[PDB]
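For reference, input_16.pdb is printed below; it contains PDB, C-alpha atoms.
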```pdb
ATOM      1  CA  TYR A   1     -31.995 -34.613  16.725  1.00  0.00           C
ATOM      2  CA  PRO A   2     -32.473 -32.023  19.438  1.00  0.00           C
ATOM      3  CA  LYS A   3     -35.366 -33.753  21.120  1.00  0.00           C
ATOM      4  CA  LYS A   4     -38.871 -32.655  22.071  1.00  0.00           C
ATOM      5  CA  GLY A   5     -38.654 -29.054  23.236  1.00  0.00           C
ATOM      6  CA  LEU A   6     -35.009 -27.993  22.882  1.00  0.00           C
ATOM      7  CA  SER A   7     -32.789 -25.274  21.408  1.00  0.00           C
ATOM      8  CA  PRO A   8     -31.546 -25.342  17.788  1.00  0.00           C
ATOM      9  CA  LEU A   9     -28.036 -25.956  16.514  1.00  0.00           C
ATOM     10  CA  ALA A  10     -25.477 -23.721  14.841  1.00  0.00           C
ATOM     11  CA  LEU A  11     -24.005 -23.378  11.352  1.00  0.00           C
ATOM     12  CA  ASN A  12     -20.507 -22.023  10.611  1.00  0.00           C
ATOM     13  CA  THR A  13     -19.646 -21.123  14.168  1.00  0.00           C
ATOM     14  CA  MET A  14     -16.550 -18.920  14.300  1.00  0.00           C
ATOM     15  CA  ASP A  15     -13.848 -21.259  15.570  1.00  0.00           C
ATOM     16  CA  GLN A  16     -10.666 -23.122  14.639  1.00  0.00           C
ATOM     17  CA  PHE A  17     -12.705 -25.525  12.505  1.00  0.00           C
ATOM     18  CA  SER A  18     -15.254 -23.926  10.198  1.00  0.00           C
ATOM     19  CA  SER A  19     -15.899 -22.910   6.612  1.00  0.00           C
ATOM     20  CA  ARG A  20     -16.515 -19.550   5.001  1.00  0.00           C
ATOM     21  CA  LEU A  21     -19.771 -17.620   5.162  1.00  0.00           C
ATOM     22  CA  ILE A  22     -22.031 -17.715   2.097  1.00  0.00           C
ATOM     23  CA  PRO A  23     -22.573 -14.419   0.232  1.00  0.00           C
ATOM     24  CA  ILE A  24     -25.664 -13.114  -1.540  1.00  0.00           C
ATOM     25  CA  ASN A  25     -25.734 -10.438  -4.223  1.00  0.00           C
ATOM     26  CA  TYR A  26     -28.446  -7.780  -4.560  1.00  0.00           C
ATOM     27  CA  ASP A  27     -30.484  -9.806  -7.064  1.00  0.00           C
ATOM     28  CA  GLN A  28     -31.057 -12.922  -4.954  1.00  0.00           C
ATOM     29  CA  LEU A  29     -31.909 -10.626  -2.048  1.00  0.00           C
ATOM     30  CA  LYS A  30     -34.567  -9.047  -4.274  1.00  0.00           C
ATOM     31  CA  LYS A  31     -35.823 -12.527  -5.160  1.00  0.00           C
ATOM     32  CA  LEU A  32     -36.171 -13.301  -1.463  1.00  0.00           C
ATOM     33  CA  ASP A  33     -38.143 -10.059  -1.213  1.00  0.00           C
ATOM     34  CA  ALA A  34     -40.337 -11.499  -3.980  1.00  0.00           C
ATOM     35  CA  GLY A  35     -42.254 -14.749  -3.720  1.00  0.00           C
ATOM     36  CA  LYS A  36     -39.606 -17.434  -4.163  1.00  0.00           C
ATOM     37  CA  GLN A  37     -38.163 -19.354  -1.220  1.00  0.00           C
ATOM     38  CA  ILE A  38     -35.140 -21.407  -0.161  1.00  0.00           C
ATOM     39  CA  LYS A  39     -35.066 -25.204  -0.433  1.00  0.00           C
ATOM     40  CA  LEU A  40     -32.713 -27.303   1.669  1.00  0.00           C
ATOM     41  CA  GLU A  41     -31.774 -30.509  -0.091  1.00  0.00           C
ATOM     42  CA  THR A  42     -30.053 -33.513   1.459  1.00  0.00           C
ATOM     43  CA  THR A  43     -28.299 -35.341  -1.354  1.00  0.00           C
ATOM     44  CA  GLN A  44     -26.980 -38.342   0.562  1.00  0.00           C
ATOM     45  CA  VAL A  45     -26.428 -39.301   4.184  1.00  0.00           C
ATOM     46  CA  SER A  46     -24.243 -41.814   6.007  1.00  0.00           C
ATOM     47  CA  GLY A  47     -24.916 -43.995   9.020  1.00  0.00           C
ATOM     48  CA  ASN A  48     -24.592 -47.363  10.727  1.00  0.00           C
ATOM     49  CA  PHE A  49     -27.036 -49.946  12.039  1.00  0.00           C
TER      50      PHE A  49
ATOM     51  CA  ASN B   1      -7.806  -6.239  12.058  1.00  0.00           C
ATOM     52  CA  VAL B   2     -10.148  -9.142  11.359  1.00  0.00           C
ATOM     53  CA  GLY B   3     -10.118 -11.863   8.750  1.00  0.00           C
ATOM     54  CA  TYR B   4     -10.559 -15.514   7.843  1.00  0.00           C
ATOM     55  CA  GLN B   5      -7.533 -17.830   8.092  1.00  0.00           C
ATOM     56  CA  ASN B   6      -8.236 -21.426   9.226  1.00  0.00           C
ATOM     57  CA  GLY B   7     -11.443 -19.993  10.617  1.00  0.00           C
ATOM     58  CA  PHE B   8     -12.133 -16.571  12.037  1.00  0.00           C
ATOM     59  CA  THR B   9      -9.253 -14.509  13.418  1.00  0.00           C
ATOM     60  CA  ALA B  10      -8.737 -11.086  14.968  1.00  0.00           C
ATOM     61  CA  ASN B  11      -5.845  -8.998  16.277  1.00  0.00           C
ATOM     62  CA  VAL B  12      -5.648  -5.796  18.328  1.00  0.00           C
ATOM     63  CA  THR B  13      -2.357  -3.888  18.386  1.00  0.00           C
ATOM     64  CA  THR B  14      -1.248  -0.831  20.362  1.00  0.00           C
ATOM     65  CA  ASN B  15       1.858   1.265  19.806  1.00  0.00           C
ATOM     66  CA  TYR B  16       3.738   4.327  21.045  1.00  0.00           C
ATOM     67  CA  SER B  17       7.065   5.953  20.236  1.00  0.00           C
ATOM     68  CA  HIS B  18       9.107   9.070  20.990  1.00  0.00           C
ATOM     69  CA  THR B  19      11.633  10.749  18.691  1.00  0.00           C
ATOM     70  CA  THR B  20      14.275  13.437  19.189  1.00  0.00           C
ATOM     71  CA  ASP B  21      16.329  15.424  16.693  1.00  0.00           C
ATOM     72  CA  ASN B  22      18.800  18.293  16.378  1.00  0.00           C
ATOM     73  CA  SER B  23      20.468  20.120  13.520  1.00  0.00           C
ATOM     74  CA  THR B  24      22.935  22.782  12.402  1.00  0.00           C
ATOM     75  CA  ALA B  25      23.177  25.003   9.320  1.00  0.00           C
ATOM     76  CA  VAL B  26      25.505  27.651   7.869  1.00  0.00           C
ATOM     77  CA  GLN B  27      24.543  30.188   5.195  1.00  0.00           C
ATOM     78  CA  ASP B  28      26.709  32.549   3.120  1.00  0.00           C
ATOM     79  CA  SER B  29      25.762  35.471   0.884  1.00  0.00           C
ATOM     80  CA  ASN B  30      27.260  37.893  -1.648  1.00  0.00           C
ATOM     81  CA  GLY B  31      25.689  40.533  -3.865  1.00  0.00           C
ATOM     82  CA  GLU B  32      26.101  43.689  -5.918  1.00  0.00           C
ATOM     83  CA  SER B  33      23.942  46.629  -6.963  1.00  0.00           C
ATOM     84  CA  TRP B  34      23.841  49.436  -9.522  1.00  0.00           C
ATOM     85  CA  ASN B  35      21.755  52.612  -9.586  1.00  0.00           C
ATOM     86  CA  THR B  36      21.300  55.555 -11.946  1.00  0.00           C
ATOM     87  CA  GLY B  37      18.912  58.491 -11.825  1.00  0.00           C
ATOM     88  CA  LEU B  38      17.897  61.897 -13.206  1.00  0.00           C
ATOM     89  CA  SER B  39      16.683  65.148 -11.636  1.00  0.00           C
ATOM     90  CA  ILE B  40      15.220  68.353 -13.061  1.00  0.00           C
ATOM     91  CA  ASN B  41      13.293  71.499 -12.092  1.00  0.00           C
ATOM     92  CA  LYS B  42      10.210  72.401 -14.129  1.00  0.00           C
ATOM     93  CA  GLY B  43      10.603  76.136 -14.453  1.00  0.00           C
ATOM     94  CA  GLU B  44      14.058  77.767 -14.309  1.00  0.00           C
ATOM     95  CA  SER B  45      15.433  74.770 -16.172  1.00  0.00           C
ATOM     96  CA  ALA B  46      17.370  76.338 -19.024  1.00  0.00           C
ATOM     97  CA  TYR B  47      19.866  79.132 -19.529  1.00  0.00           C
ATOM     98  CA  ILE B  48      20.607  80.980 -22.755  1.00  0.00           C
ATOM     99  CA  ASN B  49      23.150  83.364 -24.192  1.00  0.00           C
TER     100      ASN B  49
END
```
Please lay out the structure from this file as structure tokens.
Amino acid sequence: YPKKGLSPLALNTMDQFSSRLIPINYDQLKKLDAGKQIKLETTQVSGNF
Amino acid sequence: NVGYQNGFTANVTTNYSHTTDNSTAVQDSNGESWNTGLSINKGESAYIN
């Protein structure tokens, strides 16, 4: 969506229109220190043709 | 102060004030005292007949 050779986008920019930040306890931080990783999952999208 | 209310928010306040004061007081007092006491001379303390 940013095309070939651009800058990335933002998530939860501090403005009038946002949502809250997402917190992490000590344990999931330790799991990130270990060998498990984070999966992003798109459940369903919406568009027009 | 900072916080989250309809998104991020922040507030900086300054303040100054100046007070004056004055006062009176009146104090009364009353008291008594007693005192007793003994004296003697060791040597040449007694007379006889």
Can you build me a table of chain A residues sitting at most 7 Å from chain B, with the closest atom pair per residue and its distance in Å to one decimal, using all atoms listed in the file, sorted by chain and residue number, as a tab-separated table?
```
residue	atom	partner	partner_atom	distance
A:14	CA	B:8	CA	5.5
A:15	CA	B:7	CA	5.6
A:16	CA	B:7	CA	5.2
A:17	CA	B:7	CA	6.0
A:18	CA	B:7	CA	5.5
A:19	CA	B:7	CA	6.7
```
Point-to-point distance from CA of residue 11 in chain A to CA of residue 42 in chain A, Å rounded to tenths: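 So the answer is 15.4 Å.
Between CA of residue 41 in chain A and CA of residue 29 in chain A the interatomic distance comes to 20.0 Å.
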Counting all atoms listed in the file, what is within 10 Å of residue 1 in chain B, bar same-chain residues fewer than 5 positions away, as a list in words?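 The residues satisfying every condition are residues 9, 10, 11, 12 and 13 of chain B.
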Distance of CA of residue 28 in chain A from CA of residue 45 in chain A, expressed in Å to one decimal place: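 Computed distance, CA of residue 45 in chain A to CA of residue 28 in chain A, equals 28.3 Å.
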Report, as lines of an AutoDock Vina configuration file, the centre and edge lengths in Å (one decimal) of the axis-aligned box enclosing every listed atom of range 33-38 of chain B, padded by 4 Å on each side.
```
center_x = 20.9
center_y = 54.3
center_z = -10.1
size_x = 14.0
size_y = 23.3
size_z = 14.2
```
Fill-in result for range 3-28 of chain A, N, CA, C and O atoms as an mmCIF file, in the frame of the given file:
```cif
data_model
loop_
_atom_site.group_PDB
_atom_site.id
_atom_site.type_symbol
_atom_site.label_atom_id
_atom_site.label_comp_id
_atom_site.auth_asym_id
_atom_site.auth_seq_id
_atom_site.Cartn_x
_atom_site.Cartn_y
_atom_site.Cartn_z
ATOM 1 N N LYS A 3 -34.118 -33.045 20.896
ATOM 2 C CA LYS A 3 -35.366 -33.753 21.120
ATOM 3 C C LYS A 3 -36.514 -32.784 21.390
ATOM 4 O O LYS A 3 -36.445 -31.584 21.109
ATOM 5 N N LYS A 4 -37.598 -33.346 21.915
ATOM 6 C CA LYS A 4 -38.871 -32.655 22.071
ATOM 7 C C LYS A 4 -38.760 -31.470 23.020
ATOM 8 O O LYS A 4 -38.682 -31.640 24.241
ATOM 9 N N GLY A 5 -38.738 -30.266 22.457
ATOM 10 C CA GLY A 5 -38.654 -29.054 23.236
ATOM 11 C C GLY A 5 -37.255 -28.605 23.591
ATOM 12 O O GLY A 5 -36.979 -28.408 24.779
ATOM 13 N N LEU A 6 -36.370 -28.431 22.617
ATOM 14 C CA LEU A 6 -35.009 -27.993 22.882
ATOM 15 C C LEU A 6 -34.654 -26.765 22.055
ATOM 16 O O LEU A 6 -35.491 -26.171 21.370
ATOM 17 N N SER A 7 -33.375 -26.393 22.134
ATOM 18 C CA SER A 7 -32.789 -25.274 21.408
ATOM 19 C C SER A 7 -32.185 -25.761 20.091
ATOM 20 O O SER A 7 -31.789 -26.922 19.985
ATOM 21 N N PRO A 8 -32.111 -24.910 19.071
ATOM 22 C CA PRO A 8 -31.546 -25.342 17.788
ATOM 23 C C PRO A 8 -30.031 -25.465 17.832
ATOM 24 O O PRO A 8 -29.377 -25.256 18.855
ATOM 25 N N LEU A 9 -29.474 -25.806 16.672
ATOM 26 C CA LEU A 9 -28.036 -25.956 16.514
ATOM 27 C C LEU A 9 -27.449 -24.752 15.786
ATOM 28 O O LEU A 9 -28.141 -23.780 15.486
ATOM 29 N N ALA A 10 -26.155 -24.828 15.491
ATOM 30 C CA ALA A 10 -25.477 -23.721 14.841
ATOM 31 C C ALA A 10 -24.947 -24.132 13.470
ATOM 32 O O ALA A 10 -24.825 -25.314 13.145
ATOM 33 N N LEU A 11 -24.616 -23.134 12.656
ATOM 34 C CA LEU A 11 -24.005 -23.378 11.352
ATOM 35 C C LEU A 11 -22.909 -22.354 11.137
ATOM 36 O O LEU A 11 -23.167 -21.152 11.254
ATOM 37 N N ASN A 12 -21.709 -22.833 10.805
ATOM 38 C CA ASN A 12 -20.507 -22.023 10.611
ATOM 39 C C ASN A 12 -20.228 -21.140 11.822
ATOM 40 O O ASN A 12 -20.151 -19.916 11.733
ATOM 41 N N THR A 13 -20.121 -21.794 12.973
ATOM 42 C CA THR A 13 -19.646 -21.123 14.168
ATOM 43 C C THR A 13 -18.191 -20.694 13.979
ATOM 44 O O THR A 13 -17.389 -21.385 13.350
ATOM 45 N N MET A 14 -17.871 -19.512 14.483
ATOM 46 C CA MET A 14 -16.550 -18.920 14.300
ATOM 47 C C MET A 14 -15.584 -19.612 15.252
ATOM 48 O O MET A 14 -15.586 -19.343 16.454
ATOM 49 N N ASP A 15 -14.756 -20.502 14.718
ATOM 50 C CA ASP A 15 -13.848 -21.259 15.570
ATOM 51 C C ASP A 15 -12.582 -21.605 14.790
ATOM 52 O O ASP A 15 -12.295 -21.020 13.741
ATOM 53 N N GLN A 16 -11.825 -22.566 15.325
ATOM 54 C CA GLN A 16 -10.666 -23.122 14.639
ATOM 55 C C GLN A 16 -11.082 -23.947 13.427
ATOM 56 O O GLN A 16 -10.326 -24.077 12.458
ATOM 57 N N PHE A 17 -12.276 -24.528 13.474
ATOM 58 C CA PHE A 17 -12.705 -25.525 12.505
ATOM 59 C C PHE A 17 -14.046 -25.127 11.910
ATOM 60 O O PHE A 17 -15.095 -25.503 12.438
ATOM 61 N N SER A 18 -14.016 -24.382 10.814
ATOM 62 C CA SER A 18 -15.254 -23.926 10.198
ATOM 63 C C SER A 18 -15.071 -23.900 8.690
ATOM 64 O O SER A 18 -14.103 -24.446 8.150
ATOM 65 N N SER A 19 -16.019 -23.259 8.016
ATOM 66 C CA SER A 19 -15.899 -22.910 6.612
ATOM 67 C C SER A 19 -16.387 -21.480 6.459
ATOM 68 O O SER A 19 -16.880 -20.871 7.411
ATOM 69 N N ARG A 20 -16.239 -20.955 5.249
ATOM 70 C CA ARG A 20 -16.515 -19.550 5.001
ATOM 71 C C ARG A 20 -18.014 -19.284 4.988
ATOM 72 O O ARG A 20 -18.824 -20.183 4.763
ATOM 73 N N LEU A 21 -18.380 -18.032 5.248
ATOM 74 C CA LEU A 21 -19.771 -17.620 5.162
ATOM 75 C C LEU A 21 -20.203 -17.592 3.696
ATOM 76 O O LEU A 21 -19.379 -17.551 2.779
ATOM 77 N N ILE A 22 -21.507 -17.613 3.455
ATOM 78 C CA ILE A 22 -22.031 -17.715 2.097
ATOM 79 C C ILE A 22 -22.610 -16.364 1.695
ATOM 80 O O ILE A 22 -23.527 -15.862 2.362
ATOM 81 N N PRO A 23 -22.120 -15.753 0.621
ATOM 82 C CA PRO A 23 -22.573 -14.419 0.232
ATOM 83 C C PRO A 23 -23.706 -14.420 -0.783
ATOM 84 O O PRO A 23 -23.901 -15.354 -1.560
ATOM 85 N N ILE A 24 -24.459 -13.324 -0.750
ATOM 86 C CA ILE A 24 -25.664 -13.114 -1.540
ATOM 87 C C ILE A 24 -25.546 -11.757 -2.209
ATOM 88 O O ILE A 24 -25.308 -10.753 -1.532
ATOM 89 N N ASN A 25 -25.754 -11.711 -3.521
ATOM 90 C CA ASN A 25 -25.734 -10.438 -4.223
ATOM 91 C C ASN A 25 -27.078 -9.731 -4.038
ATOM 92 O O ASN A 25 -27.968 -10.209 -3.332
ATOM 93 N N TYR A 26 -27.231 -8.576 -4.684
ATOM 94 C CA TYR A 26 -28.446 -7.780 -4.560
ATOM 95 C C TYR A 26 -29.646 -8.466 -5.206
ATOM 96 O O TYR A 26 -30.780 -8.324 -4.731
ATOM 97 N N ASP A 27 -29.402 -9.249 -6.259
ATOM 98 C CA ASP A 27 -30.484 -9.806 -7.064
ATOM 99 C C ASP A 27 -31.206 -10.931 -6.332
ATOM 100 O O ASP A 27 -32.442 -10.990 -6.332
ATOM 101 N N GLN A 28 -30.448 -11.832 -5.705
ATOM 102 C CA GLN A 28 -31.057 -12.922 -4.954
ATOM 103 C C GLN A 28 -31.737 -12.411 -3.695
ATOM 104 O O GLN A 28 -32.745 -12.978 -3.259
#
```
